[PDB]
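Below is one structure, written out as structure tokens; the observations come after it.
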Amino acid sequence: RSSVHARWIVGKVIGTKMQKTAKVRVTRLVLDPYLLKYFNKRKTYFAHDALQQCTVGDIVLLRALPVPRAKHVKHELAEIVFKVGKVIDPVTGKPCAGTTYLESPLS
Amino acid sequence: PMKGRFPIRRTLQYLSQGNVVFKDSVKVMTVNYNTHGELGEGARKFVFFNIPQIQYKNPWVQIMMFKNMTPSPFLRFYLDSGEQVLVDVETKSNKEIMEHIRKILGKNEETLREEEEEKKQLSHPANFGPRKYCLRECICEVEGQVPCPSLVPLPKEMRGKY
Amino acid sequence: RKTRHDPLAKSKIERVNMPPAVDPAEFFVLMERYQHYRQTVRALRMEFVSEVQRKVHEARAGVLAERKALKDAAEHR
Amino acid sequence: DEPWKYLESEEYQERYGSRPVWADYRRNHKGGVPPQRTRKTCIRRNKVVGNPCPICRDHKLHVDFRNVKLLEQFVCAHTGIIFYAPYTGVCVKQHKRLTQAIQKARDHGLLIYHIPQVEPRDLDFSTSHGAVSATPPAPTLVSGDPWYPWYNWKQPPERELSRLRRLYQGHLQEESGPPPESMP
Amino acid sequence: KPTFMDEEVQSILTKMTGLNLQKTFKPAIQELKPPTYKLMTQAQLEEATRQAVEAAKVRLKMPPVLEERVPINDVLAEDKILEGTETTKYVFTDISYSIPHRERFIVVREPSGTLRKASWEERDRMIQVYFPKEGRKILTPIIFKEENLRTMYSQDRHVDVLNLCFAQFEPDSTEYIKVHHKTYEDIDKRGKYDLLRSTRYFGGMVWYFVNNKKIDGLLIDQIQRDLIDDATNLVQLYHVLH
Amino acid sequence: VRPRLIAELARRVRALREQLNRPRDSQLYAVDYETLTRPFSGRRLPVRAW
Amino acid sequence: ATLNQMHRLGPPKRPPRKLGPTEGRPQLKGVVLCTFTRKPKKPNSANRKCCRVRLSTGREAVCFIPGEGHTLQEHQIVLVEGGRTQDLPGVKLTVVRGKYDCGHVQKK
Amino acid sequence: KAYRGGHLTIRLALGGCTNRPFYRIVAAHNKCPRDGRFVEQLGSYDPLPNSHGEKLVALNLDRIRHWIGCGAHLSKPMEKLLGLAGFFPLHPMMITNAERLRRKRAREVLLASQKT
Amino acid sequence: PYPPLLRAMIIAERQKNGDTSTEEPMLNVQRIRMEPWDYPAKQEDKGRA
Amino acid sequence: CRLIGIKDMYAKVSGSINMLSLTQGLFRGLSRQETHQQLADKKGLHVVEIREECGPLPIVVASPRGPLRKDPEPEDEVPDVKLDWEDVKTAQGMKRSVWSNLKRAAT
RNA sequence: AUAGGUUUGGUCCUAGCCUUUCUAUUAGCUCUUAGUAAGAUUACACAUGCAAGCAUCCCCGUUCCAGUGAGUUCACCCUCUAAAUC
Ligand SMILES: [Mg+2]
Ligand SMILES: [Mg+2]
Ligand SMILES: [Zn+2]
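Here is the structure:
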């Protein structure tokens with residue numbers, strides 16, 4: 005099927021400071037073999053988009069490509085999960101701040 | 002002693018006590034949980050204890066945690082086909098959601114029991130492995146055969162002084 | 027062993043390599059054994075590569091593979 | 053001269069009594085941790101050197117397989133495992149005599165030991181299979197014919213024999229015909 | 067109609083096999099791990115006793131009495147071509163996992179050019195030179211001989227012999243049968259019968275006897291202690307079998 | 006990673022001193038007919054061909 | 031160190047220190063240059079016959095001569111061994127007796 | 010490793026001491042050595058008689074149906090054992106070596122009857 | 165006929181299916197050709213030195 | 324322990340090894356022991372065994388002198404206990420010294 | 001680590017060093033006979049002799065074995081797929 009490895013990834017955009025691509029910082033959880041606690045080891049993946057939809061700070065999904073389309077461009081931003089600020093609260097789908105409902109339900 | 006608060010979480014027997022192992026088609030589980038909600042304490046004690054147990058058993062799924070991005074706790078999964086499961090967790094305990102994923106996206110025990118014989122057949126008993134992959138490097142190391150001429154002096158039917 | 031070059035010294039520049047002798051009462055059945063052995067083995071090869079091929083067919087699009095493959099996409103939904 | 057008349061008699065209860073044999077011997081070594089390979093030879097062939105082993109200071113304690121209670125002294129009571137040599141401190145040549153003669157007497161059944169109750173080899177006890185039931189034999193082999201009639205010497209016509217004489221004229225060999233079949 | 071594995075004739079000989087749980091689960095002499103501590107109330111004691119009787123029943127279900135042998139030696143291939151040309155006896159073994167044990171093809175070749183079919187003594191040994199398990203030295207050990215056995219019945223060791231055959235000889239063989247009946251003969255001469263009461267007592271003692279009409283040595287036991295219906299629910303079993 | 010320029014080049018002139026001047030059918034297949042030796046090969050012939 | 035601290039450091043991490051005889055080799059040969067005597071440290075008083083040797087390497091290291099007498103002078107090949115001599119304050123090598131130009135001791 | 014001329018071949022391997030040979034059937038590539046690695050481990054071959062007349066041998070057969078089913082050659086001493094197993098036809102080269110002592114016995118009974 | 169073991173094996177398995185079917189186990193021969201050892205090659209398979 | 328009457332014991336003293344603080348700390352711990360009869364009396368509840376030589380039988384050790392409390396115990400698993408590192412890394416068993424699994428005399 | 005010795009006039013604590021155990025090579029002194037394992041230290045220089053041939057010639061094969069540890073993150077998993085055997 006595809007050639008690049010990590011098929012399906014959610015991440016966070018750092019910098020959109022090029023054209024039609026975004027820099028996405030993703031975190032796995034890896035185990036210390038000795039200390040035996042999980043720690044966020046990051047890695048930086050690029051993400052190609054079309055509409056320049058993302059701005060610096062959002063949480064983005066990104067889907068892997070069947071072929072890398074540059075030397076470092078690897079995935080396309082298949083959906084943008086959490087917008088900066090304008091987070092649609094995914095169950096009860098309505099705009100909200102941190103922990104407080106801007107558009108309250110019982111609408 | 003050990004340096005944590007609940008320090009049983011770092012013992013390698015605990016991380017195996019989790020049982021929620023994901024199917025091949027789940028590729029990201031993303032959790033989002035409130036930090037001071039009186040009503041969401043299950044999704045706080047979920048990520049406190051349980052998701053280290055999940056990561057030891059499906060160790061390639063990306064797990065990611067967010068803190069105050071939403072008023073209600075939820076889980077959201079990212080299947081390989083492309084749909085997004087939306088598990089909710091609010092006003093549950095940390096126990097029910099260790100039961101609410103193993104009945105949805107946890108593997109069936111029939112599909113893990115049939116996954117346990119095939120891990121055995123490649124470690125097949127009658128191979129002659131170098132005491133690390135299998136037993137009996139010689140047929141001298143089973144009884145009845147003529148035993149490995151370091152162990153015995155062998156009869157005069159050998160060459161060299163025949 | 028030899029490495030393209032080293033001078034192929036005096037022992038084997040000429041050693042006239044005459045062969046062993048031929049057994050025509052048995053060689054004209056020994057030639058008739060091998061065509062009766064190479065052809066029978068070549069029948070067992072196509073017994074088994076076709077056997078291995080069905081063992082690939084029964085797990086790719088197989089009759090109990092298709093029934094598994096529709097089962098899970100029901101128990102998923 | 054053939055023991056097991058020693059371990060109950062009067063020199064035993066006036067020496068050891070209720071304690072095991074090794075209850076006065078404990079060895080001489082360097083500091084701290086004692087060496088794992090115990091001295092192999094208690095006695096070498098004509099005389100004993102230094103301190104002797106627990107089964108080497110007495111000349112009237114000789115081990116065999118029928119010395120039932122002496123061999124019970126070197127196996128732990130609720131843990132069936134033979135002691136390693138530096139627990140007892142015996143010579144390891146005498147401990148090769150004690151690691152056989154336990155099992156030599158374990159294998160005669162005169163010492164009680166554990167065997168776990170096991171699970172069977174197979175869950176099916178059915179015995180109707182073509183290797184273990186009966187096999188319908190060969191329509192060649194019932195008739196006195198082997199397999200595959202090309203084994204026996206189908207001697208060729210002479211035209212194929214003389215084919216090599218004008219192929220291999222300077223080198224041939226001389227023969228007899230089809231084989232004589234069986235042996236003395 | 068004789069049919070030992072019928073559903074009701076077990077439930078009586080499973081019942082006249084005693085429960086007597088402290089004799090069953092004695093502490094085995096092994097290399098102990100230090101004991102673990104649970105603390106369970108009278109409500110949760112009774113679910114742990116009943117678990118220890120739910121787990122006690124499943125140790126009381128094997129074996130059956132299993133159809134004394136027929137020696138299978140048929141020859142498939144006997145070529146008149148080899149016949150004393152090259153010697154020493156090759157034995158051929160099919161090996162996999164996903165074939166069961168009595169479904170297995172083990173074949174010997176002979177110096178005379180036959181293909182013999184590995185008589186029953188060899189085949190289970192050829193499993194154990196290859197598929198090893200618990201205990202089980204593959205040759206006859208020097209315990210099972212008549213003299214080396216006669217030391218053993220002196221020492222109240224009959225379960226210890228009945229648990230030795232269950233490894234060494236499969237209960238369809240004859241060398242399981244010829245030394246089990248060598249034991250239950252000598253259990254009756256000087257009847258010491260309260261020793262076999264909760265390990266393989268459903269058929270090893272009585273289903274030998276009810277075939278062999280020596281059940282008078284087993285009903286004195288059912289009047290020495292009390293064992294009242296235990297007596298009468300097997301004296302009925304004489305008539306409904308024979 | 007090391008780019009291997011002289012290894013690539015000396016391949017492509019090894020084929021060039023093979024392709025351009027491949028030795029033709031004659032000067033390897035001439036036989037000195039008395040000792041059964043050939044030029045350019047050194048190897049005499051098997052026993053069924055004398 | 032808290033838990034995030036010890037993950038940043040990792041395991042313990044050590045080198046060895048190869049001793050007097052160069053880069054931790056058992057024996058070493060050399061040639062003698064001078065056999066002089068050195069005076070020991072403060073609790074002890076003697077004078078101990080210790081030589082100076084250029085090794086296999088070409089390093090001059092001062093070395094000790096055990097036993098009653100020494101016979102070595104200025105060209106002889108000796109085989110040195112690395113045991114520190116405890117009342118000398120920096121003599122680290124010793125000669126093994128019965129080797130390569132130096133023999134054993136004169137037993138009475 | 011990428012070799013030249015590679016094919017899988019079912020061969021024997023020496024796992025013994027001096028004066029105690031032991032042979033071990035494996036599936037191995039053409040060019041990797043005898044005491045080198047392999048791709049799959051098969052039955053065993055005991056080449057020495059033990060107690061009561063036995064030169065043992067194994068054949069992990071349902072995977073040699075697979076490994077010859079993917080098209081792997083064999084070695085000339087290996088086909089001596091499958092052919093004499095009755096899994097495969099008896100080797101005609103073994104049949105020659107079966108027969109060239111009968112020819113020796115066709116001059117052994119002569120030299121004992123021309124004598125006596 | 166099959167060699168003595170696969171001839172012995174396959175008839176046993178049909179006996180485990182449930183149809184007896186006591187026909188002899190014959191493998192085809194005509195579907196495999198009979199070119200003897202002096203059938204020529206094709207030249208671009210080989211390559212000149 | 325030979326003087327007390329104890330026949331089998333594992334004990335390791337870490338920290339300082341001083342011959343008097345060891346024994347006055349030996350008699351301190353060994354005096355403050357929970358007997359199984361007194362294990363019941365504080366909690367009212369019934370005390371059993373699960374051994375490796377017997378089966379899963381709940382063989383009884385001690386019962387109170389009188390009444391028994393009815394409610395099942397609050398079994399909050401994987402408890403907040405400060406478990407020691409030198410024993411759980413032992414139970415994983417990677418790290419090995421040449422000074423542990425030794426063959427010494429008969430004490 | 002079941003641990004022990006050593007700071008001081010002495011005690012206690014922190015502490016390093018060393019001892020006790022096991023393995024591997026060299027060195028001393030010393031050594032009866034069999035069996036199996038194992039056996040340049042040096043990517044330093046090499047006298048010599050042997051180590052690739054087979055075969056109705058063509059081809060194929062000497063690109064494998066065997067060796068050494070100079071160098072060094074080209075060894076494992078996935079995708080795509082080329083030579084090779086069926
Ligand atoms: Mg050189
Ligand atoms: Mg290097
Ligand atoms: Zn060996």
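In order, the protein sequence lines correspond to chains A, B, C, D, E, F, G, H, I and J.
Remember, UniProt numbering sits 4 above the position in the first sequence when you count from 1.
Remember, UniProt numbering sits 1 above the position in the second sequence when you count from 1.
Remember, UniProt numbering sits 26 above the position in the third sequence when you count from 1.
Remember, UniProt numbering sits 52 above the position in the fourth sequence when you count from 1.
Remember, UniProt numbering sits 66 above the position in the fifth sequence when you count from 1.
Remember, UniProt numbering sits 5 above the position in the sixth sequence when you count from 1.
Remember, UniProt numbering sits 30 above the position in the seventh sequence when you count from 1.
Remember, UniProt numbering sits 9 above the position in the eighth sequence when you count from 1.
Remember, UniProt numbering sits 164 above the position in the ninth sequence when you count from 1.
Remember, UniProt numbering sits 323 above the position in the tenth sequence when you count from 1.
Even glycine gets a Cβ: it sits at the ideal position worked out from N, Cα and C.
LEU230 (chain E) carries a helical assignment under DSSP once its states are collapsed to helix, strand and coil. In terms of Cβ geometry, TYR32 (chain H) and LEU17 (chain H) do not form a close pair [threshold 8 Å].
Under the DSSP definition of a beta bridge, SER46 (chain F) lacks any partner. The alpha-carbon separation between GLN221 (chain D) and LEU10 (chain F) amounts to approximately 60 Å. Taking a Cβ-Cβ threshold of 8 Å, the residues of chain B close to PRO94 (chain A) are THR71, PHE75, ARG77, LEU87, in chain order. If you check the CB distance, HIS369 (chain J) and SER386 (chain J) come in under 8 Å. Contact of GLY80 (chain H) with chain I is not assigned, every C-beta pair being separated by 8 Å or more.
Beyond the five residues adjoining it in sequence on each side, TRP199 (chain D) comes within less than 7 Å, by CB distance, of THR192 in the same chain, given in chain order. Taking a cut-off of 8 Å for Cβ pairs, the region 173-192 of chain E and the region 131-145 of chain E touch, as three or more such pairs fall below it. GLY182, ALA183, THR187, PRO188, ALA190, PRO191, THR192, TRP199, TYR200: these are the residues of the region 182-204 of chain D whose beta carbon lies less than 8 Å from some beta carbon of chain I, given in chain order. Taking the Cα positions, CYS94 (chain D) is about 49 Å away from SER264 (chain E).
Between the C-alpha atoms of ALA74 (chain A) and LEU14 (chain F) there is a straight-line separation of about 29 Å. Contact between the region 204-214 of chain E and the region 161-175 of chain E is absent: fewer than 3 CB-CB pairs across the two stretches fall below 8 Å. In this structure, the CA atom of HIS166 (chain D) is about 30 Å from the CA atom of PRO166 (chain E). Look at the region 27-39 of chain B: it has no residue with a C-beta under 9 Å from a C-beta of chain J. Assigned with DSSP and collapsed to three states, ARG86 (chain C) falls in helix. Within the same chain, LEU87, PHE91 come within 8 Å of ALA118 (chain E) by CB-CB distance, once the 5 residues on both sides are set aside.
Around the beta carbon of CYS324 (chain J), fewer than 16 other beta carbons sit within 10 angstroms, so the residue counts as exposed. In this structure, E:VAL301 is the residue among E:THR151, E:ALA94, E:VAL301, E:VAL131 with its C-alpha nearest to the C-alpha of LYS280 (chain E). Using a Cβ-Cβ cut-off of 8 Å, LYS41 (chain A) counts as an interface residue toward chain G, since at least one Cβ of chain G sits closer than that to its own. For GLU90 (chain G), the secondary structure class from DSSP, reduced to helix, strand or coil, is strand. Within 7 Å of the C-beta of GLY145 (chain B) there is not a single heavy atom belonging to ligand 3. Legend: CB atoms of the region 392-411 of chain J lying less than 8 Å from CB atoms of chain B belong to residues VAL401, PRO402, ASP403, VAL404, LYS405, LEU406, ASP407, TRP408, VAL411. According to the DSSP secondary-structure assignment, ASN59 (chain H) is paired through a beta bridge with H:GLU63. CA-to-CA, the gap between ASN35 (chain B) and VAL14 (chain A) works out to about 20 Å. Taking 8 Å as the threshold, the shortest C-beta distance from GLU73 (chain C) to chain I falls below it.
Not a single C-beta of chain B is nearer than 8 Å to the C-beta of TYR49 (chain A). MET65 (chain B) is outside the set of residues whose beta carbon lies under 8 Å from a beta carbon in chain H. Just measuring C-alpha positions, the residue of J:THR358, J:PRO379, J:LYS393 sitting nearest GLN108 (chain E) is J:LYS393. In this structure, the beta-carbon distance from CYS132 (chain G) to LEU102 (chain G) falls below 8 Å. Counting only beta-carbon distances shorter than 5 Å to the non-hydrogen atoms of ligand 3, the qualifying residues in chain order are B:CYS139, B:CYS149, H:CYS26. Per DSSP, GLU169 (chain E) is not a residue of any alpha helix (DSSP H), being assigned neither H nor E. Within the region 175-197 of chain I, the residues whose Cβ lies closer than 7 Å to any Cβ of chain D are, in chain order, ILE175, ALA176, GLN179, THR186, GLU188. Interface flag for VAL120 (chain D) against chain E is unset, since no Cβ pair is found closer than 8 Å. Residue pairing of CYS64 (chain G) in beta bridges, as defined by DSSP: G:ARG82. In the structure shown, the three-state DSSP call for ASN204 (chain D) is coil.
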